[PDB]
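Visitor: Below: one structure in structure tokens.
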Amino acid sequence: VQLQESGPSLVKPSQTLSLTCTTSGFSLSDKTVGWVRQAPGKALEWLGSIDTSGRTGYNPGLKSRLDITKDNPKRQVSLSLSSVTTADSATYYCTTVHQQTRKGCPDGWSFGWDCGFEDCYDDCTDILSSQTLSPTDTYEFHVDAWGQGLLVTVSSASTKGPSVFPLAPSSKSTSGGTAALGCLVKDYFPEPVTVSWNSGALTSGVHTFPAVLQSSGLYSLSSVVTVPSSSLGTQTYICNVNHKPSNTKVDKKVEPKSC
Amino acid sequence: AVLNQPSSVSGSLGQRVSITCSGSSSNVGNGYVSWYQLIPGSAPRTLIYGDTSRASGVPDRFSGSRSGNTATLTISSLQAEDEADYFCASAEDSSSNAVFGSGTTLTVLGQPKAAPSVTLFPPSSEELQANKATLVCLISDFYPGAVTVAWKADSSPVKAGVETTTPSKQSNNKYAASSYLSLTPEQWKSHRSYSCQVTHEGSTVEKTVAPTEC
């Protein structure tokens with residue numbers, strides 16, 4: 001089961017955020033698709049879903065700004081969130097959800113059909129003096145599969161692609177047999193940026209740090225890798241920076257210094 | 001509209017740990033609580049559904065239970081990979097109206113202490129030719145996750161241009177942090193050296209770079 005969120009990484013305040021989830025491996029007439037988000041430092045928050053019959057349900061506190069539709073042949077579900085503010089900056093997840101409404105009677109109480117014959121009865125023997133209670137509906141919810149999520153930032157600031165600079169190894173970054181080298185990913189907006197090394201061939205000993213929000217309103221981060229000091233003369237090291245908010249990818253070769 | 005969870009829960013490796021989730025008769029009392037695990041850098045993962053049933057791949061040490069309007073997630077023996085944020089959830093008044101818990105951060109204690117490795121990079125020639133200068137102090141492989149970072153220009157304290165990230169865990173379960181000193185090319189060239197000094201527990205490590213040395 002695949003769930004792929006798509007849409008803008010940046011939306012201006014008061015505008016309408018529109019996202020799409022492309023699905024695979026199941027039928028939208030068999031599974032219900034829901035939306036969940038998480039704002040920075042906050043808890044998971046339900047948005048809404050559209051079920052196998054096409055019925056929509058929403059978070060009551062957000063219903064005035066939400067709309068969810070689906071296209072069964074195109075296998076896509078769409079979410080719209082109008083009049084956005086910075087409280088709507090969050091990671092938005094497409095999900096498959098279990099939703100069921102169960103109708104039942106309390107302990108001991110049984111339906112009129114169960115008592116031997118649509119209301120709940122206590123004494124099935126003395127049906128003449130038994131009380132007729134309407135059933136209490138129970139509701140079942142859980143998230144089945146989670147998409148990877150799409151980070152959305154609400155801001156009036158403009159998109160900016162990153163500048164990538166090498167953090168070159170020298171005698172001052174070597175620890176005998178190993179050496180640290182990296183890339184500085186400077187001055188981009190909005191988040192996020194991901195960094196790989198040598199097109200994903202180099203994975204051991206990598207750490208990409210979280211970004212700083214500088215006073216300029218732009219983010220910067222670094223990614224570092226520990227390599228054998230003996231390889232610095234012969235092995236090539238390239239950091240691959242991806243900034244989807246600007247449709248930018250940068251590869252930067254990190255050359256060791258002769259110092 | 002959230003279910004009440006403790007904000008922080010901690011335990012040592014091997015210890016029993018429980019996370020509670022208190023709601024009302026209109027949510028948790030419905031009797032179908034779910035539980036979710038969020039590890040930074042990973043999408044959320046469903047742990048429990050229907051009060052007690054484990055999702056696919058969830059280890060047996062995770063159990064869920066419910067007593068009235070309060071649900072509990074229990075780890076019988078805490079292991080290193082359980083360090084994460086945990087969220088309960090339940091429908092309310094409708095199967096399509098989900099309320100998540102306020103969230104619990106689980107910290108697993110017991111791993112060995114580790115002194116930080118510090119690398120200080122001077123501004124690259126590419127950045128200097130672009131009329132900018134950033135010194136990058138990278139701090140890695142330490143535990144516990146608290147350091148203090150200070151900068152020097154020559155031997156004098158740096159009082160401007162510094163930005164430092166909060167420590168966060170590497171893939172080897174140790175902590176790393178980064179600190180940046182933004183300068184003009186003039187400031188960089190005019191001093192004899194700059195230093196990043198990192199204090200962790202009872203030690204300080206200072207790394208120094210100089211414009212004349214490269």
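In the structure tokens, each chain is lettered A, B, ... as it comes, each chain's residues begin at 1, and ligands are numbered from 1 in order of appearance.
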Contacts of stretch 123-140 of chain B at 7 Å or less, counting only C-alpha atoms, minus same-chain residues fewer than 2 places along, as a ChimeraX atom specification?

Guide: /A:165-167 /B:116-121,142,175-185,196

Visitor: For the residues selected in the previous step, produce a file with N, CA and C atoms as a short mmCIF file (atom, residue, chain, number, x, y, z; two decimals), in the first residue's frame.

Guide:
data_model
loop_
_atom_site.label_atom_id
_atom_site.label_comp_id
_atom_site.auth_asym_id
_atom_site.auth_seq_id
_atom_site.Cartn_x
_atom_site.Cartn_y
_atom_site.Cartn_z
N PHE A 165 28.31 24.87 0.06
CA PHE A 165 29.74 25.09 0.15
C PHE A 165 30.41 23.87 0.78
N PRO A 166 31.63 23.55 0.37
CA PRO A 166 32.30 22.38 0.93
C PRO A 166 32.90 22.69 2.30
N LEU A 167 32.91 21.66 3.15
CA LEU A 167 33.61 21.68 4.43
C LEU A 167 34.76 20.68 4.27
N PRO B 116 32.26 14.50 23.55
CA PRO B 116 32.01 14.93 22.17
C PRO B 116 33.29 14.97 21.34
N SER B 117 33.14 14.63 20.06
CA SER B 117 34.15 14.94 19.06
C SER B 117 33.79 16.28 18.43
N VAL B 118 34.79 17.14 18.25
CA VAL B 118 34.56 18.49 17.77
C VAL B 118 35.41 18.72 16.53
N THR B 119 34.77 19.20 15.46
CA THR B 119 35.49 19.64 14.27
C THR B 119 35.05 21.05 13.92
N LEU B 120 36.02 21.93 13.70
CA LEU B 120 35.76 23.32 13.35
C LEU B 120 36.23 23.57 11.92
N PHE B 121 35.31 24.00 11.05
CA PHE B 121 35.71 24.28 9.68
C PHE B 121 35.82 25.78 9.46
N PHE B 142 28.27 12.42 21.45
CA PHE B 142 28.31 12.64 22.89
C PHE B 142 27.04 12.16 23.57
N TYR B 175 24.43 11.74 20.60
CA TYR B 175 23.94 13.07 20.26
C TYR B 175 24.95 13.83 19.40
N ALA B 176 24.42 14.75 18.60
CA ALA B 176 25.22 15.69 17.83
C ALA B 176 24.56 17.07 17.87
N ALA B 177 25.38 18.11 17.74
CA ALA B 177 24.89 19.48 17.63
C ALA B 177 25.84 20.26 16.74
N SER B 178 25.38 21.43 16.30
CA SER B 178 26.18 22.27 15.41
C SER B 178 26.09 23.72 15.88
N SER B 179 27.15 24.48 15.61
CA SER B 179 27.17 25.89 15.95
C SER B 179 27.85 26.66 14.83
N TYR B 180 27.31 27.83 14.51
CA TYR B 180 27.77 28.62 13.38
C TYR B 180 28.15 30.02 13.84
N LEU B 181 29.26 30.53 13.31
CA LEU B 181 29.67 31.91 13.54
C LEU B 181 29.72 32.59 12.18
N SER B 182 28.81 33.54 11.97
CA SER B 182 28.75 34.28 10.72
C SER B 182 29.59 35.54 10.85
N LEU B 183 30.50 35.73 9.89
CA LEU B 183 31.40 36.87 9.89
C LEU B 183 31.43 37.49 8.50
N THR B 184 31.95 38.71 8.43
CA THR B 184 32.34 39.26 7.15
C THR B 184 33.71 38.70 6.77
N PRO B 185 34.02 38.65 5.47
CA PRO B 185 35.40 38.29 5.08
C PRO B 185 36.44 39.16 5.75
N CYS B 196 36.15 27.55 18.70
CA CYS B 196 34.89 26.98 19.18
C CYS B 196 35.23 26.11 20.38
#

Visitor: What are the nearest atom pairs, with distances in Å to one decimal, for all residues of chain A that come at most 8 Å from chain B, using only C-alpha atoms, set out by chain and rising residue number as a tab-separated table?

Guide:
residue	atom	partner	partner_atom	distance
A:42	CA	B:102	CA	7.8
A:43	CA	B:102	CA	5.4
A:44	CA	B:100	CA	6.1
A:45	CA	B:100	CA	6.4
A:46	CA	B:98	CA	5.8
A:48	CA	B:96	CA	6.6
A:49	CA	B:96	CA	6.6
A:56	CA	B:96	CA	7.8
A:57	CA	B:96	CA	4.9
A:58	CA	B:97	CA	6.1
A:59	CA	B:97	CA	5.6
A:60	CA	B:97	CA	7.4
A:99	CA	B:95	CA	5.3
A:100	CA	B:95	CA	5.9
A:101	CA	B:95	CA	6.1
A:138	CA	B:30	CA	5.5
A:139	CA	B:95	CA	4.7
A:140	CA	B:95	CA	5.5
A:141	CA	B:91	CA	5.4
A:142	CA	B:34	CA	5.9
A:143	CA	B:46	CA	6.7
A:144	CA	B:46	CA	6.8
A:145	CA	B:46	CA	7.7
A:146	CA	B:44	CA	6.5
A:147	CA	B:43	CA	7.0
A:148	CA	B:43	CA	5.3
A:149	CA	B:43	CA	7.1
A:165	CA	B:127	CA	6.6
A:166	CA	B:124	CA	6.5
A:167	CA	B:121	CA	6.2
A:168	CA	B:121	CA	7.6
A:172	CA	B:119	CA	7.5
A:173	CA	B:119	CA	5.8
A:180	CA	B:119	CA	7.6
A:207	CA	B:170	CA	6.4
A:209	CA	B:177	CA	7.0
A:210	CA	B:165	CA	7.1
A:211	CA	B:165	CA	7.3
A:212	CA	B:165	CA	6.3
A:214	CA	B:163	CA	7.3
A:259	CA	B:214	CA	6.0

Visitor: Deliver the residues from the most recent selection as a file, using C-alpha atoms, as a tab-separated table (two decimals), in the first residue's frame.

Guide:
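Output file again_2.tsv is given in full below:
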chain	number	residue	atom	x	y	z
A	42	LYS	CA	2.56	19.88	18.77
A	43	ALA	CA	0.53	16.68	18.84
A	44	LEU	CA	-0.93	14.82	15.88
A	45	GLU	CA	-4.15	16.47	14.69
A	46	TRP	CA	-6.96	14.85	12.72
A	48	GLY	CA	-10.76	14.45	7.95
A	49	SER	CA	-11.44	11.50	5.69
A	56	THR	CA	-16.80	12.89	4.31
A	57	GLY	CA	-16.09	13.52	7.97
A	58	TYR	CA	-13.99	16.31	9.41
A	59	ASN	CA	-12.40	17.63	12.57
A	60	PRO	CA	-15.20	19.82	14.03
A	99	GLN	CA	-13.73	3.67	10.41
A	100	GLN	CA	-16.74	1.79	11.76
A	101	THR	CA	-19.92	2.76	13.58
A	138	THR	CA	-19.83	3.17	19.50
A	139	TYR	CA	-17.26	4.50	17.03
A	140	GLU	CA	-14.08	2.74	15.91
A	141	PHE	CA	-11.12	4.65	14.47
A	142	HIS	CA	-7.48	3.88	13.82
A	143	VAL	CA	-4.86	4.74	11.21
A	144	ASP	CA	-3.80	1.72	9.14
A	145	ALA	CA	-1.05	2.95	6.80
A	146	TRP	CA	0.85	6.25	6.96
A	147	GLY	CA	2.30	8.23	4.10
A	148	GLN	CA	5.72	9.83	4.44
A	149	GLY	CA	4.19	13.27	4.86
A	165	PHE	CA	29.74	25.09	0.15
A	166	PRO	CA	32.30	22.38	0.93
A	167	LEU	CA	33.61	21.68	4.43
A	168	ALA	CA	36.96	20.35	3.25
A	172	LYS	CA	42.53	19.87	11.63
A	173	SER	CA	39.65	17.51	10.82
A	180	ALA	CA	35.57	14.41	8.78
A	207	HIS	CA	24.97	12.81	9.98
A	209	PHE	CA	22.17	18.25	11.30
A	210	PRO	CA	18.85	20.04	11.79
A	211	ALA	CA	18.65	23.53	10.38
A	212	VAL	CA	19.09	26.89	12.11
A	214	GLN	CA	18.97	32.59	11.02
A	259	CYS	CA	47.27	22.17	4.14

Visitor: I need the residue nearest residue A:232 from this list: A:27, A:96, A:16, A:174. Use only C-alpha atoms for the distance.

Guide: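 Result for the nearest residue to residue A:232: A:174.
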
Visitor: Nearest to residue B:204: which of B:15, B:144, B:51, B:115 is it, counting only C-alpha atoms?

Guide: B:115

Visitor: Leaving out residue B:59 and any residue of its chain fewer than 3 positions from it, which residues lie within 12 Å of it when counting only C-alpha atoms, given as an MDAnalysis selection string?

Guide: chainID B and resid 46:48 53:56 62:63 74:79 81:82

Visitor: Which residues, written as a ChimeraX atom specification, have at least one atom at most 10 Å from residue A:213, with only C-alpha atoms counted and residues fewer than 3 positions away on the same chain left out?

Guide: /A:187-191,210,216-221 /B:163-165

Visitor: Report, in Å to a single decimal, how far apart atom CA of residue B:22 and atom CA of residue B:3 are.

Guide: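 Result for atom CA of residue B:3 versus atom CA of residue B:22: 5.8 Å, one decimal.
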
Visitor: Name the residues in contact with residue B:152 at a cut-off of 6 Å, using only C-alpha atoms, excluding same-chain residues fewer than 4 positions from it; report them as a JSON list (two decimals) with C-alpha atoms, in the first residue's frame.

Guide:
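Contents of selection.json, freshly written:
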[["chain", "number", "residue", "atom", "x", "y", "z"],
["B", 156, "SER", "CA", 38.37, 37.53, 23.21],
["B", 157, "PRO", "CA", 34.76, 36.31, 23.53],
["B", 158, "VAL", "CA", 32.45, 36.44, 20.54],
["B", 194, "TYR", "CA", 38.86, 31.91, 15.95],
["B", 195, "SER", "CA", 37.89, 29.16, 18.39]]

Visitor: Quick check for you: according to DSSP on this backbone, which residues of stretch 25-229 of chain A are classed as strand (DSSP E)? Reply as a ChimeraX atom specification.

Guide: /A:32-38,44-50,56-58,66-71,76-81,90-104,110-111,120-121,136-146,150-154,163-167,174-175,178-188,194-197,206-208,212-213,219-228

Visitor: Please identify all polymer residues within 12 Å of stretch 130-135 of chain A, counting only C-alpha atoms, omitting same-chain residues fewer than 6 positions from it, and present them as a PyMOL selection string.

Guide: chain A and resi 102-107+109-112+115+118-124

Visitor: For those residues, write C-alpha atoms to a file as a PDB file, in the first residue's frame.

Guide:
ATOM      1  CA  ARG A 102     -21.204  -0.028  15.839  1.00  0.00           C
ATOM      2  CA  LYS A 103     -24.714  -0.041  17.330  1.00  0.00           C
ATOM      3  CA  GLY A 104     -25.323  -1.926  20.565  1.00  0.00           C
ATOM      4  CA  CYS A 105     -27.120  -2.218  23.899  1.00  0.00           C
ATOM      5  CA  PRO A 106     -25.643  -1.960  27.428  1.00  0.00           C
ATOM      6  CA  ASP A 107     -24.577  -4.909  29.575  1.00  0.00           C
ATOM      7  CA  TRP A 109     -29.753  -5.078  27.952  1.00  0.00           C
ATOM      8  CA  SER A 110     -30.527  -6.617  24.565  1.00  0.00           C
ATOM      9  CA  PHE A 111     -32.208  -5.427  21.391  1.00  0.00           C
ATOM     10  CA  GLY A 112     -35.881  -6.135  20.824  1.00  0.00           C
ATOM     11  CA  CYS A 115     -35.110 -10.508  23.204  1.00  0.00           C
ATOM     12  CA  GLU A 118     -34.678  -1.934  17.315  1.00  0.00           C
ATOM     13  CA  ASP A 119     -34.650  -0.658  20.902  1.00  0.00           C
ATOM     14  CA  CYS A 120     -32.857  -2.038  23.961  1.00  0.00           C
ATOM     15  CA  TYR A 121     -34.750  -4.100  26.546  1.00  0.00           C
ATOM     16  CA  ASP A 122     -33.651  -5.239  30.003  1.00  0.00           C
ATOM     17  CA  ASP A 123     -36.020  -8.148  30.739  1.00  0.00           C
ATOM     18  CA  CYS A 124     -36.754 -10.273  27.675  1.00  0.00           C
TER      19      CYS A 124
END

Visitor: Do you know which residues are at most 8 Å from residue A:51 counting only C-alpha atoms, after dropping those on the same chain fewer than 6 positions away, and could you put them as JSON, numbers by chain?

Guide: {"A": [28, 29, 31, 32, 33]}
